[PDB]
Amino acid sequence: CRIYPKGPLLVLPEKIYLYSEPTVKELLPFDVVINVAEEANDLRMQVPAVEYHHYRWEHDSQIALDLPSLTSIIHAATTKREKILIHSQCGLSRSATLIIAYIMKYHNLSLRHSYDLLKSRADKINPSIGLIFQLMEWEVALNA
């Protein structure tokens, strides 16, 4: 591919977190955990006090499809003021994409401004082009 040397970085005031691949124990404080990396171990059974979601994204997935469901999981957690972790393998591309996507809908911002917001708090984010295009699709629907 430590990147996040102090653990899961709070990126949004609504207790939205961003990380690379976790260990089991690192998952514990979170109410909702969304794992958007195919190769990243499914830790579901290992943590019963956690609403665990795994979406097996690879860098060439049609992620725009998954975005209504995924951003709804997130919005529903924020109204209940729950602690939320969104992680991938390296916490650069797939997980950042999902957050940016959230920001587009529920912060009512453009792709560009949403990216700018996350890069401002997660300096190392580097969304893949394929994923950027999937986000471009997301921007269209939200504008329809």
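Sequential numbering from 1, following the sequence displayed.
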Continuity check for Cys1 and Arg2, given as deposited residues lacking coordinates between them: 4 to 9
Compared with the other modelled residues in the chain, in which third is the CA B-factor of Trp57? middle
If you rank the chain by CA B-factor, which third does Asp31 end up in: lowest, middle or highest? lowest
Quick tally, chain-level thirds of C-alpha B-factors: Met136 sits in the highest
Lowest, middle or highest third: where is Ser114 by Cα B-factor in its chain? highest
The third of the chain into which the C-alpha temperature factor of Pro68 falls is the middle
